Structure formats: C-alpha cells, structure tokens
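As a starting point, one isolated chain is supplied in structure tokens, in the form deposited in one PDB entry.
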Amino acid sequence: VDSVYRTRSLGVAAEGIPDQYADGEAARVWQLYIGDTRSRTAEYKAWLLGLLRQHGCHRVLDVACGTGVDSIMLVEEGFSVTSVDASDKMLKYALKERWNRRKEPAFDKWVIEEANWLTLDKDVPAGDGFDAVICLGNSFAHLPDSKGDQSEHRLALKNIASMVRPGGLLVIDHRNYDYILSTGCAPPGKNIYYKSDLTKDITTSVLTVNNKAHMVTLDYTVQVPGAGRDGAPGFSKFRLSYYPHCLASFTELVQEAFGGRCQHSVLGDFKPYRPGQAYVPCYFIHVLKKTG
C-alpha cells in the first residue's frame, strides 16, 4: 500500500514560514496581473459615476471588492461604500489601502468585510438595503457550476439582489462568452475597465461537457519586464477559469433573481445594446432597477 505524508495539512499556517503556495512562480506572475489592472479607464469612470449620480445613489455595496479598485473610486467620490469579497488573498490589498489612507475621514468610514454570495444574506447586514449594488469586472463568472444545474448560480444572484433596496440598482456584468464560445478565442489586452500596461498571450480552452459549455479556462503567459539577462523580459504563466454565461441565459437568471419585479437593460460595452448590431462588445453590463 502506498501512502502520502505531508509536513503540514492543506490550509493551516505557521508563524515564520510563508503560506502554502504564496511564492510559486504562478502566484508571483499573478501578483503582477492583479496589479497591472488598476489603470482605470476614463470611459469606465465617467459611466459608473454618471449612472450613480443620475439615480441619486449613495450607500453602495461592492460585492466583488477584489483589491478594492472600484471601491476606492467610489470612496473618494463621497459615496458611503461597504466592500466585501470572499477571497482573503485579494482582500488583503484593500485593507492595506484603507489603513494607509485611514487618516482621511472618507477612508475611515469605508467598510471592508468578508462575505460569500452563497451566504451573502447572512454575512452582510442589508438593513433596508442599498442604493446601488455592484459586481463588475466579469467577477460573477468565477463561480463555477458544481451541481450541474445552475442552482448555486441562482442562489448567489438571489442573495445579491437581496441587498438592493426597493427603487435601488444592481449593476452586474459578464464577458462576451457568446463570441468566445463561437471563436474559441478570448482576445487579450481587450479591456474596457482598466488599461493594461502588461503584455500577455492568451490560450483559451473550452470544456464542453456532454454538449453544453461548462467552463472556459484561460492560460495567461505574462511577459514580466526585467527577468532576463541584458534587460530582456521573462515569461511566466498562470491560469484561471470561468463559467461561459450567455447573454440570453444570464438575462433569464438575473431577472429571475428579482422575481420579475425589476427593470432590465443590457449595455454593449458602455453604449446601449441592440441585437443585430455590427459592434460586438467584450463585456455585457446589466443594470437592473428594483421595481418592487
């Protein structure tokens, strides 16, 4: 009989030694990635703020906090933001940010907490709800579908809709998987939210279970600036997976999470969307208003 014997269990920590895979070549390059995506776009900044002001929103919940890029922007712009994420590895960066600028009143009232979409309703006190709830950056696409049916999906979206106060808003997006699925290719460097200063190639792998798109895996070969000899760069790789959400299905889901009592409109990239339009967007943004 063969047996495996590890130093410490998967998941535990120990004073003095880095956590399990903190220094892998992958975690390394990944830090370059989540870093490189900070250079917020003008089109993006003007669009979100306008939408929010146009609706008189004020207290907003960011359910895909990440390193806190979209939240810091709402914070500096006077909104009363409460940010939550399920990933502690990414949450650590927002927390660092808050602490640095903690001397600023606006940053001292910024609430960052850990929450999970699947249990959101019990992790974050909605109270009367929020004005705008936001889930941008194709972040919902991370939640895989383990049970076959999209039960987990429906659960997260329902909870997410839960934090939206009546007459309130929900701004959630997804990448254009309708196009990725038909091309088999997900163009890199193609972003609308943040300008990428890093260079990368992207290998798109699509897993089709019996006959239904089940997952899209992306392999990022990032060119790291000065990891070569006479200045030349190096090439490290890392991988991430997403659930290929189609405009039609997602549209059914998000609406069904509101029980039908909602206002739905899907934007192309940042401009309106009408099926049949020559323009194929990289992102599909959904802005739902809670009418009941």
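Numbering starts at 1 and follows the sequence shown. Rigid core here is just the name for the largest C-alpha set that superposes within 1.5 Å across the two forms.
FYI, the form deposited in another entry isn't displayed, but the following is about it.
In a core superposition between the shown form and the other one, the Cα of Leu32 is the only one among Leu247, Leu267, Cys262, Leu32 shifting by 2 Å or more.
In this overlay on the rigid core, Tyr177 has a C-alpha that sits less than 2 Å away from its partner position between the shown form and the other one. In a rigid-core overlay of the protein, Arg165 has its C-alpha displaced by under 2 Å between the shown form and the other one.
When two forms of a protein are overlaid on their rigid core, residues whose CA moves 2 Å or more are considered shifted, and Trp110 is not one of them between the shown form and the other one. In the other form, the Cα-Cα separation between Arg101 and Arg28 shrinks by 3 Å or more relative to the displayed conformation. If you compare C-alpha positions, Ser87 and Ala27 are 3 angstroms or more closer together in the other form than in the form on display.
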